[PDB]
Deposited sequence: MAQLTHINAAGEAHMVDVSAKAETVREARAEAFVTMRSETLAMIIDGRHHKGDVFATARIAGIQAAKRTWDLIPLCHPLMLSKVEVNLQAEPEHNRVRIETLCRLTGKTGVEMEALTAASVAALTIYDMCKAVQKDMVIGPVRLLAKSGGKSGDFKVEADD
């Protein structure tokens, strides 16, 4: 009746992959400062990218019932969308194994988004993170 992860012993090896997205909504001046170049913290996108990559590799340590796993590839892409007053985060994780990497992609997108928040905090106190969701995973889902 309480937490207990599932066995992945008999699941066979395969090429797994997943992609997620995240958004940080902010004021025009706030985003403008990211493009211009930046807040007193430094390179916003570069720092969020690295944070997201490191976080993906530590997903097994942050999510109690996830399994550790040898990530073969992690990508974090950031794109300013001034027309929407926000930043778009897209992530990609891949590996050869049994277990999929949906949580690793979601975690990398979430932590990238938190890092953008951190670097812009002083300038705006009501930035909103979301939505955060899967785009594709690999039957399976795609986008």
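What residue ranges of the deposited sequence are absent from the coordinates?
Gaps vs deposited seq, in order: 1 to 10, 149 to 151, 157 to 161.
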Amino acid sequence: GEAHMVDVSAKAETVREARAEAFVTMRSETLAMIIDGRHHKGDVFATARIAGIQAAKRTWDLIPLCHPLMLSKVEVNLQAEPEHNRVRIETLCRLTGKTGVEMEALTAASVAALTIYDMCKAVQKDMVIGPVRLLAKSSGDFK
From here on, numbers count along this sequence of modelled residues.
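When the C-alpha temperature factors are averaged for each of 38 to 46 and 87 to 95, which stretch ends up with the higher value in the entry?
It is 38 to 46.
Higher mean Cα B-factor in the deposited model: 105 to 113 or 61 to 69?
For C-alpha atoms only, the mean B-factor is higher in 61 to 69.
Sort 128, 20, 120, 15 by C-alpha B-factor from the entry and give me just the highest.
Among 128, 20, 120, 15, the PDB entry lists the largest C-alpha B-factor for 15.
Where does the C-alpha B-factor of residue 10 rank in its chain, lowest, middle or highest third?
CA B-factor rank for residue 10: highest third.
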